[PDB]
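*Asks:* PDB entry and its sequence, pasted below:
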Amino acid sequence: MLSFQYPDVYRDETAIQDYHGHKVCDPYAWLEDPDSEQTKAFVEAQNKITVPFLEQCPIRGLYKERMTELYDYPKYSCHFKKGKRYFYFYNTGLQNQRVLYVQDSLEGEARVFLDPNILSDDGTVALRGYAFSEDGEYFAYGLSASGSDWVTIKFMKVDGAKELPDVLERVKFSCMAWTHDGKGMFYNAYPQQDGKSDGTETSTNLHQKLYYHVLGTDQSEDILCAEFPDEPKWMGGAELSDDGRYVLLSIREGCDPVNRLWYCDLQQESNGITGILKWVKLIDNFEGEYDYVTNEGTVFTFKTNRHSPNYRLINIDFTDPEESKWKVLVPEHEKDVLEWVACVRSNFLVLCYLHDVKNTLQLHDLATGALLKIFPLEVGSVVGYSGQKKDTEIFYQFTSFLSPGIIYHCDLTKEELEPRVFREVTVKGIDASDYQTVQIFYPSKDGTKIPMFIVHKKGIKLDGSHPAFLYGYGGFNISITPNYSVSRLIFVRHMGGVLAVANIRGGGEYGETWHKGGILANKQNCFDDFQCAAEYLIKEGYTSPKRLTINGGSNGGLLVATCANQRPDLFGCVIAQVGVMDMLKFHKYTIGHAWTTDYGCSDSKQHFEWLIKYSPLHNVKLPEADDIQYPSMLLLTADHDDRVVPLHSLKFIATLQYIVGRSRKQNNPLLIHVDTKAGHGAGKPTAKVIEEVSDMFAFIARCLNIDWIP
């Protein structure tokens, strides 16, 4: 099978660093420089072997054609009202970017408001964040190029869709919040830095500040409103209260669901916004999360996890703010996680729960917290919502594994509430009734029961003969809930596969206790959980090791890479997308410092001892048994992934090819593809998405010798 040779890659045998008495050699440290001729030649030599391997077998073109056909369906966001007009996003099917539309009423003719597709030939300029003024008459929007996290904020007048001159640079991980006087907007920016700020650099991002931009001025005139010179990792995001009176400042340090909460009563400013605001430090620690829902005068409703790992709603009165005085408006549930809450039509709350990894949606009274109405849903996820305090209706979008989904609408001015289908699209080519979704709970090594969804053709025999695609993440309080993927459904229908999603620890599926079960000293639980999911699928006869593919992205790329090292015997194929692989150095680059809340940091001897045991870059080892080799492995990254700098995948593939690829017993390929004009994944154009999934499934098909089923 292997008709290519791995490139020669220089080993710097002098690169040796002491970590608390433990010496670590890093012979590919030079790949950390994205700008060197050496690194560019490495990337070119790797792509030169990967691309012909992926493109060689006809299955790729079959898969690409089917993906192009089946993914060509209309894609809508929820409608949302801003001032006098309605807006919604829409893609006719295959446009690189979805387009923002406007209409003057629900029954009115829609017109294009902002079309990002005309901003680049290849769809690589994308919207990243936006904010309407309170009256709906002005619009701020972020644009990102080539998939970078960096944003340029631009502005329009809504009436006539008129471009304005205002442009804000150095924006990253930013809030966007207009004062209700319409004068200007809060946002975040980073200080000037040496070298590039285009998404190809690795430079750490520190000293983010909060600024206020007055509409009609140059950015150089913007007011500095908050900064944390002694705390370089703090990030302060602003929002206005619904009544416009207060700026709420949520300060984060790292990725845990906690924040400080400070507020500024704008009426108490001496002469408007002219400098550092008179912040009142209501919650001045990082012990809990406080997510603003609404206020009524000085009584502020927050979603919190303070001594409530499944989350709850509390009211804090700014005039009596001691914790013993807080009122518990909606108490914590014993198992169900309160995922998010919105206030709509003055005195309603919309609460979205996660119950065994499925969403539910409820309407409650603001004054008492009492349940008023259940909005019924099929098994799946709520992935979109609209309805703010001054609005009198809600829209919400539902999706699941087998349906592209449904947008529902409810007029909350009616005495008897009746949610109704507003938009529904069906994909012809996939008959949902041919398939089933099951949820099972399997025991991990320590006995903990882990949820797993399995999607497969009805009536299959559990004889171990089916290819399987097992997905996980496991970190950052992220819950992996049902979602519609045509790409995975083509694997089911046209490659005879079984899909599985394991809700391993580290996620948010059972609240903060689930999250803490997969972090820090307990990160190995994630890997144990995922290996046990694979063992379940095999024992129960869905698949066999030689037919099993595992996949994950980002923290999920770490998951599958560590699993390949720890249990190479368990997997046929591993696809790691944009993965963090050097666990000793991840904190040095871009925003990597923020991830230490889940992983720890190698500057601590205690944390080093955890990290070294699972870091993918540091645990590449030939399997001891003669009959065991590494699975086929594909790493996917891109040259503007400034979220997870691509050096992670470059150093890891060099290591895999040297330690494992040189061994005579290794016949499964170990490959990387580095894309151009792309980043971590947000904003990726349709054309690139299609190529990426065609690559993934071609790699699976070729490595496992799976026939296409027309």
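*Replies:* Arrived safely, thanks for sending. Numbers count the residues shown, from 1 in each chain.

*Asks:* just the buried residues of the helix or strand harbouring residue 701, please?
*Replies:* Using DSSP states H and E, residue 701 maps to helix 686-704. Within helix 686-704, the residues that qualify as buried are 686, 688-704, counting by 16 or more other Cβ atoms under 10 Å. From N, CA and C alone the C-beta is placed, and that goes for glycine too.

*Asks:* please apply the same query to stretch 284-300.
*Replies:* 286, 288, 289, 290, 291, 292, 293, 294, 295, 296, 300.

*Asks:* need the CA coordinates for the helix holding residue 701. CSV is fine.
*Replies:* The C-alpha atoms that make up helix 686-704 are tabulated as CSV, following Å, rounded to 0.1, in the frame of the first residue of the first chain:
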residue,chain,number,x,y,z
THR,A,686,-18.6,25.5,2.5
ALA,A,687,-16.1,24.6,-0.3
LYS,A,688,-13.4,23.9,2.3
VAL,A,689,-15.8,21.9,4.5
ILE,A,690,-16.7,19.7,1.6
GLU,A,691,-13.0,19.0,0.7
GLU,A,692,-12.2,18.3,4.4
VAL,A,693,-14.9,15.7,4.9
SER,A,694,-14.1,14.1,1.5
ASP,A,695,-10.4,13.8,2.7
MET,A,696,-11.5,12.3,6.1
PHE,A,697,-13.8,9.7,4.6
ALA,A,698,-11.4,8.9,1.7
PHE,A,699,-8.7,8.2,4.2
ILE,A,700,-11.0,5.9,6.2
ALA,A,701,-12.1,4.1,3.0
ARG,A,702,-8.6,3.6,1.7
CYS,A,703,-7.0,2.5,5.1
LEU,A,704,-9.8,0.1,6.0
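
*Asks:* same for it, what does it pack against?
*Replies:* On a contact count with 3 or more Cβ pairs under 8 Å, 6 or more residues apart in numbering; DSSP states H and E, helix 686-704 meets helix 37-56, helix 59-71, helix 486-495, strand 548-553, strand 573-577, strand 632-638, strand 670-675.

*Asks:* all the strands of the stretch 201-350 of the chain, in order from the start?
*Replies:* Listed in chain order, the strands found in the stretch 201-350 of the chain under DSSP state E, counting those that start in this stretch are 209-214, 223-226, 235-240, 246-252, 260-265, 280-283, 290-296, 299-304, 312-317, 327-330, 337-344, 348-355.

*Asks:* hey, C-alpha coordinates of the fourth one in PDB?
*Replies:* C-alpha atoms of strand 246-252 as PDB (Å, rounded to 0.1, in the frame of the first residue of the first chain):
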ATOM      1  CA  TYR A 246     -25.700  49.500  34.000                       C
ATOM      2  CA  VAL A 247     -22.500  48.200  32.200                       C
ATOM      3  CA  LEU A 248     -21.800  44.700  33.600                       C
ATOM      4  CA  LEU A 249     -18.200  43.600  33.300                       C
ATOM      5  CA  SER A 250     -17.500  39.900  33.300                       C
ATOM      6  CA  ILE A 251     -13.900  39.200  34.000                       C
ATOM      7  CA  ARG A 252     -12.400  35.800  33.000                       C
END
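
*Asks:* could you chop this protein up by domain?
*Replies:* Per curated CATH domains, the domain ranges recorded for the chain read 1-73+427-710, 74-426.

*Asks:* would you mind finding the most buried of the ones you listed?
*Replies:* Greatest average neighbour count among these goes to domain 1-73+427-710 (a mean of 19), per mean count of other Cβ atoms under 10 Å.

*Asks:* measure that one end to end?
*Replies:* End-to-end span of domain 1-73+427-710 (Cα to Cα, to the nearest Å): 25 Å.

*Asks:* mind listing what the nearest residue to residue 211 once chain neighbours are set aside touches?
*Replies:* Leaving out its chain neighbours, the residue that sits closest to residue 211 by Cβ to Cβ, 6 or more residues apart in numbering is residue 222, at 4.4 Å. The contact partners of residue 222, by Cβ atoms under 8 Å, 6 or more residues apart in numbering, come to 168, 211, 212, 213, 214.

*Asks:* all helices for the protein, in order.
*Replies:* Applying DSSP state H to the chain gives helices spanning 37-56, 59-71, 486-495, 511-516, 524-539, 555-566, 596-599, 605-614, 647-655, 686-704.

*Asks:* could I get these as CSV with distance to residue 160?
*Replies:* What follows is the helices of the chain, written out as CSV (distance: least, Cβ to Cβ, whole Å):
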stretch, distance to residue 160
helix 37-56, 46
helix 59-71, 34
helix 486-495, 38
helix 511-516, 47
helix 524-539, 52
helix 555-566, 44
helix 596-599, 46
helix 605-614, 55
helix 647-655, 46
helix 686-704, 29
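
*Asks:* so which of these gets nearest residue 87?
*Replies:* Of all the helices of the chain, it is helix 686-704 that lies closest to residue 87, at 21.2 Å by Cβ to Cβ.

*Asks:* what's the angle from that closest one to strand 632-638?
*Replies:* Our comparison of helix 686-704 with strand 632-638, counting by axes from the mean of the first three to the mean of the last three Cα atoms, to 10 degrees, yields an angle of 170 degrees.

*Asks:* relative to strand 573-577, how tilted is helix 686-704?
*Replies:* Orientation note: helix 686-704 sits at an angle of 160 degrees relative to strand 573-577 (the same axes, to 10 degrees).

*Asks:* now do helix 686-704: distance to the chain's middle.
*Replies:* 21 Å (Cα atoms, centre = their mean, to the nearest Å).

*Asks:* what of stretch 656-673?
*Replies:* When C-alpha coordinates are averaged (Cα atoms, centre = their mean), stretch 656-673 and its chain have centres 30 Å apart.

*Asks:* swap in stretch 216-236?
*Replies:* When C-alpha coordinates are averaged (Cα atoms, centre = their mean), stretch 216-236 and its chain have centres 26 Å apart.

*Asks:* residue 216: what's it in contact with?
*Replies:* Under the criterion of Cβ under 8 Å, 6+ apart, the neighbours of residue 216 are 164, 166.

*Asks:* can you tell me how far it is from residue 155?
*Replies:* Counting by Cβ to Cβ, to the nearest Å, the gap from residue 216 to residue 155 is 9 Å.

*Asks:* pull up the overlap in contacts between the two.
*Replies:* Shared contacts of residue 216 and residue 155, counting by Cβ under 8 Å, 6+ apart, come down to 164, 166.
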